[PDB]
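Data block below; observations after.
No value in this document is a laboratory result; all are computed from the given coordinates. Cβ coordinates were reconstructed from backbone atoms using ideal geometry, including for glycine residues, and neighbour counts include every protein chain displayed.
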Amino acid sequence: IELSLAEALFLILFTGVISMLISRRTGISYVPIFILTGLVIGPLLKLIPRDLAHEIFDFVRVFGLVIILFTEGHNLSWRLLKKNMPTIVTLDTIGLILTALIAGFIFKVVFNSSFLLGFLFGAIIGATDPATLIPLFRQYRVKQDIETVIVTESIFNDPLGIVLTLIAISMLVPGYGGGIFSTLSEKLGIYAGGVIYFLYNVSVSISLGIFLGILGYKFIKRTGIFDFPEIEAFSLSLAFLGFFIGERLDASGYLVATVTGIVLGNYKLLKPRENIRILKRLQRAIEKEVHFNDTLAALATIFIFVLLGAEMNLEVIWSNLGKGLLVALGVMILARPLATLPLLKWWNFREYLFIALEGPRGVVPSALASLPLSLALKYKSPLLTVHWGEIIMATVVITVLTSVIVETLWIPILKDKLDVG
Amino acid sequence: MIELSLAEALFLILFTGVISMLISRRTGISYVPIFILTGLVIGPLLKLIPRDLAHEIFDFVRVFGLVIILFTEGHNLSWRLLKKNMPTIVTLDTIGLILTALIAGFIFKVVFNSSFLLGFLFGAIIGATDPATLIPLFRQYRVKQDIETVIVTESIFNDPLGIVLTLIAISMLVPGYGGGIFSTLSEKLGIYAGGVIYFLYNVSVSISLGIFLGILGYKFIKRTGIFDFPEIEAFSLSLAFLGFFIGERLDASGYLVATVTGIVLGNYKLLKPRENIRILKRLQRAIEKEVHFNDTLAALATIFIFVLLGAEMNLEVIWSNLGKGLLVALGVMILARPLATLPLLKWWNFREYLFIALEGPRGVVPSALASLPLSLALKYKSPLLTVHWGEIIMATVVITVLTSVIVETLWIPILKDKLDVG
Ligand SMILES: CCCCCCCCCCCCCCCCCCCC(=O)O[C@H](COC(=O)CCCCCCCCCCCCCC)COP(=O)(O)OCCN
Ligand SMILES: CCCCCCCCO[C@@H]1O[C@H](CO)[C@@H](O)[C@H](O)[C@H]1O
């Protein structure tokens with residue numbers, strides 16, 4: 001009486017729900033709880049096969065990522081962005097890159113891998129998910145501007161961490177470069193081609209995202225889309241429209257969708273103020289939309305973390321426990337602050353250090369974690385090996401768990417030393 | 001016709017569907033023929049959605065969509081109004097349904113040479129009703145509250161049972177679904193008596209279990225204080241599907257379990273007579289948000305169902321038996337439905353009865369079950385049902401849906417004028 005695929009998916013959902021409940025009730029972060037649940041229903045009870053978790057992940061990756069990043073777009077205020085523009089821009093143009101690179105050198109050293117493979121690991125481990133941190137920021141009443149900068153940086157790095165990961169793989173394997181990557185690389189080498197392609201991708205993604213967000217907003221006003229179930233379905237369709245159009249012209253559809261989310265989140269700012277009645281109407285609409293889509297992003301998160309927990313291979317992670325652990329603490333202590341370094345050039349050091357140290361790794365790399373493995377199994381290419389895929393995945397899991405728990409636990413005392421003085 | 005990705009296909013269905021939804025609400029036209037026409041456009045007309053792919057999508061949207069749609073439907077039922085018109089409701093969902101399916105089987109078998117089981121399958125498919133496209137005209141013309149309650153509740157119970165009957169007709173024609181309680185009972189007391197007793201069994205067990213998991217659900221939520229986003233939505237979805245799978249493992253329609261669960265959750269006030277208002281407030285709000293989510297999902301499911309149905313038909317078979325199918329549809333509307341609706345017309349004035357009869361078209365559930373016999377034919381090679389006959393059934397169902405919906409949504413003012421002088 002083994003579980004069918006439907007009962008399997010549902011098992012993931014239900015178990016994830018219970019895990020969520022006990023997580024909230026107890027006060028423990030949802031990340032290691034969801035991972036734990038994964039291992040429980042996974043390799044332990046063998047209720048869910050890892051080789052199936054691969055494919056379920058092959059859907060939940062694209063879907064969940066797009067919807068989650070889109071939902072993240074809404075929680076961004078353009079005002080606070082432009083007010084603290086340089087800091088954020090540095091955090092999402094330099095700090096990310098340097099984090100990924102140092103992390104890559106670390107990986108290369110610890111596992112004797114290539115620096116390109118390490119760069120893949122770093123690109124995966126680049127983005128940050130502080131959604132695990134926020135409740136403590138609130139209940140300990142940390143600086144509002146700090147929370148602003150951190151959260152904003154995350155919202156921006158989540159899709160950037162992806163396109164970074166897509167770069168490294170595109171370098172390792174020329175499979176489905178799209179055309180832009182292929183052309184730009186064949187004209188200006190692999191690395192420089194990667195740089196200019198990064199610039200291109202970012203440019204077109206931001207542009208198209210803003211464009212589609214605005215046009216969608218205006219479309220809503222014109223056609224009058226404020227009532228159930230039009231607003232939800234339309235907004236969803238808009239997000240995935242941005243994603244598919246973006247990916248169609250070789251741009252990060254994730255980033256596009258995120259940007260669209262930012263636009264809709266800042267609908268009150270872009271076009272002329274209407275009468276308070278209309279503003280309230282649009283407000284209600286956006287509230288409904290946000291509700292539905294954020295519910296979807298919640299489910300998606302649950303599935304991502306649980307699947308990851310049920311997909312890992314115990315023997316591989318144990319044979320490299322210490323190694324990947326020191327890679328984790330290595331990137332938490334050495335990489336992140338080193339990359340953060342130019343912050344104190346425009347910030348106070350006591351601020352800069354907290355901002356550096358605090359940022360952990362979360363959902364996005366957890367989704368990207370199995371990608372190199374699955375891609376290795378499928379494409380079956382010599383450059384990246386299946387074993388190294390297992391290595392990557394294991395490491396990513398380790399640094400995710402360790403970063404999350406260490407940040408979550410070391411945050412209280414760290415305020416006392418940085419607030420009081 | 002450049003090949004799309006699977007994801008691009010799904011998204012295309014979504015986008016086009018939403019566009020057609022907007023257009024539907026704006027123009028005032030029923031969403032059903034707009035959706036189906038849309039699917040037809042992006043389907044065989046443009047070949048952006050290969051029919052094979054359509055089958056593959058519909059094999060998922062069937063399960064997931066139907067479950068969530070029905071579970072959503074459960075919420076909109078009042079036990080009070082049920083008590084108010086209990087015998088009528090029970091009659092319609094039980095007797096009138098079976099009779100409808102049977103007569104439809106007769107007609108279907110008449111139009112072209114077939115087994116009576118094929119026709120019975122056809123009737124069991126279109127057994128359920130969907131007045132969702134009628135309500136905007138009901139409140140528009142201030143129609144009697146009682147009859148609306150009757151029709152709505154009727155459809156609410158007809159949607160799962162219609163599948164159960166469809167589950168029955170399938171169980172006979174295929175050896176796969178055979179092995180089970182139904183096989184035992186039918187072999188024991190003949191196909192007829194066995195069918196009836198398995199009907200009673202499935203209904204009873206599914207209902208009782210749905211009530212059980214419903215109460216257990218409400219009590220659980222009550223104890224662990226599930227009100228804050230997003231615990232409630234996730235837990236609700238989990239609950240509905242739990243009921244589904246558990247119910248299905250006991251050889252009973254899990255859909256019916258989902259519906260009953262939805263009924264239980266819908267009538268939260270009725271469970272505890274006295275409870276301090278605060279609790280009822282938080283509960284009402286949480287339930288409301290949950291309803292928003294699950295109903296949005298239900299809408300998406302509806303769209304996908306109708307559009308997919310639109311893209312899954314082939315104009316060759318459709319045209320080939322065009323007149324035939326039309327005769328079937330008209331036969332069902334004009335003859336079958338009222339003939340099956342007569343039993344408890346004793347409680348209702350003849351004009352009102354003729355109204356109830358002449359109303360109640362076929363929508364979502366038959367649209368989902370339309371391609372079911374074809375898929376099974378393509379997968380299980382029955383000596384009873386063929387692929388082409390699956391095509392005949394799906395086509396006939398499509399025509400039935402279009403005709404019934406369009407007419408019964410369009411003729412309502414005139415009909416009201418006939419029974420209520422105007
Ligand atoms: C994680 C993000 C959360 C939000 C996502 C949307 C909400 C879903 C949340 C998770 C739901 C948990 C509950 C599990 C649902 C049960 C799924 C049933 C799957 C199933 O059995 O499919 C089988 C085949 O699948 C196949 O053939 C594969 C078909 C491939 C296309 C599937 C695409 C699905 C997209 C649906 C989107 C529309 C829904 C509204 C969002 C059917 O096989 P059978 O038994 O019928 O075979 C015999 C007939 N001859
Ligand atoms: C079923 C037809 C109505 C569907 C829309 C459901 C309306 C739910 O409205 C809900 O009200 C809550 C009250 O705080 C808000 O917090 C939620 O954001 C909002 O979605």
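Checking the structure you have, find out if any residue of region B:301-312 is within 16 Å of ligand 2 (Cβ to nearest atom) and more than 19 Å from B:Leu10 (Cβ to Cβ). Scanning region B:301-312 turns up no residue that is within 16 Å of ligand 2 (Cβ to nearest atom) and more than 19 Å from B:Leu10 (Cβ to Cβ). When region A:1-33 is limited to residues that are within 24 Å of B:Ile246 (Cα to Cα) and away from ligand 1 (no atom under 12 Å from the Cβ), the one that is surrounded by the fewest Cβ atoms within 10 Å (Cβ to Cβ) turns out to be A:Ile1. Entry remark, region B:17-40: residues being among the β-branched types (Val, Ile, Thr) and within 11 Å of chain A (Cβ to nearest Cβ) number 3 in total.
Under the condition of being assigned to a helix (DSSP H, G or I) and either more than 9 Å from every other protein chain (Cβ to nearest Cβ) or of a type in the set (A, V, I, L, M, F, W, C) (or both), the residues counted in region A:1-14 number 9. Within region B:58-68, does at least one residue satisfy the condition of being out of contact with any strand residue (DSSP E or B) (no Cβ under 7 Å at 6 or more places or on another chain), within 14 Å of chain A (Cβ to nearest Cβ), within 16 Å of ligand 2 (Cβ to nearest atom) and in contact (Cβ under 8 Å) with a residue 40 or more places away in the chain? Yes, region B:58-68 has at least one match. The set of residues in region A:271-289 being closer than 17 Å to A:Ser77 by Cβ, within 14 Å of chain B (Cβ to nearest Cβ) and surrounded by 13 or more Cβ atoms within 10 Å (Cβ to Cβ) consists of A:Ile286 alone. Cβ-Cβ distances below 8 Å connect no pair with a first residue in region A:396-421 that is touching a residue at least 40 places away in the same chain (Cβ under 8 Å) and at positive phi, a second residue that is crowded, with 18+ Cβ neighbours inside 10 Å and part of a helix (DSSP H, G or I), and a separation of six or more residues or different chains. Filtering region B:228-270 to residues that are crowded, with 19+ Cβ neighbours inside 10 Å, touching a residue at least 24 places away in the same chain (Cβ under 8 Å) and within 12 Å of chain A (Cβ to nearest Cβ) leaves B:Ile232, B:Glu233, B:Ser236, B:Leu237, B:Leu239, B:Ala240, B:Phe241, B:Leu242, B:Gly243, B:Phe244, B:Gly254. Being within 14 Å of another protein chain (Cβ to nearest Cβ), under 14 Å from A:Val66 (Cα atoms) and touching a helix residue (DSSP H, G or I) at 6+ places or on another chain (Cβ under 9 Å) is a property that does not hold for A:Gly216.
Would you mention how many residues in region A:22-36 are in a helix (DSSP H, G or I), closer than 26 Å to A:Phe292 by Cα and without any contact (Cβ under 8 Å) to a residue 60 or more places away in the chain?
Going through region A:22-36, the residues in a helix (DSSP H, G or I) turn out to be A:22-26, A:30-36.
With the extra rule that they be closer than 26 Å to A:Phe292 by Cα, the set shrinks to A:22-25, A:30-35.
So of that shortlist, the ones also without any contact (Cβ under 8 Å) to a residue 60 or more places away in the chain come out as A:22-25, A:33.
Qualifying residue count, region A:22-36: 5.
Given the options B:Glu275, B:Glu316, name the one that is part of a helix (DSSP H, G or I) and away from ligand 2 (no atom under 16 Å from the Cβ).
On the way: B:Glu275 fails: part of a helix (DSSP H, G or I).
Result: B:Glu316 is the single residue among B:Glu275, B:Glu316 that is part of a helix (DSSP H, G or I) and away from ligand 2 (no atom under 16 Å from the Cβ).
A single member of B:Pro361, B:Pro366 is within 30 Å of B:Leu265 (Cα to Cα) and outside any helix (DSSP H, G or I), and it is B:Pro361.
Screening B:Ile356 on (1) within 23 Å of B:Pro33 (Cβ to Cβ); (2) buried (at least 19 other Cβ atoms within 10 Å of the Cβ) shows it passes everything except condition (1).
Can you tell me which residue among A:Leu39, A:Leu47 is aliphatic (A, V, I, L, M), in contact with a helix residue (DSSP H, G or I) (Cβ under 9 Å, 6 or more places away or on another chain) and not in a helix (DSSP H, G or I)?
None of the other options fit; the residue is A:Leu47.
Could you count how many residues in region A:41-74 are among the small types (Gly, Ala, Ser) and touching an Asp or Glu at 6+ places or on another chain (Cβ under 9 Å)? Talk me through it step by step, then tell me what you get.
So in region A:41-74, the residues among the small types (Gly, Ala, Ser) come out as A:42, A:53, A:64, A:73.
After this cut, where a residue has to be touching an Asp or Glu at 6+ places or on another chain (Cβ under 9 Å) as well, the list is A:42, A:53.
Of the residues in region A:41-74, 2 are among the small types (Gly, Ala, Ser) and touching an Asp or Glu at 6+ places or on another chain (Cβ under 9 Å).
Of all the listed residues (B:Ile95, B:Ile89), the sole one being assigned to a helix (DSSP H, G or I), crowded, with 19+ Cβ neighbours inside 10 Å and hydrophobic (A, V, I, L, M, F, W, C) is B:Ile89.
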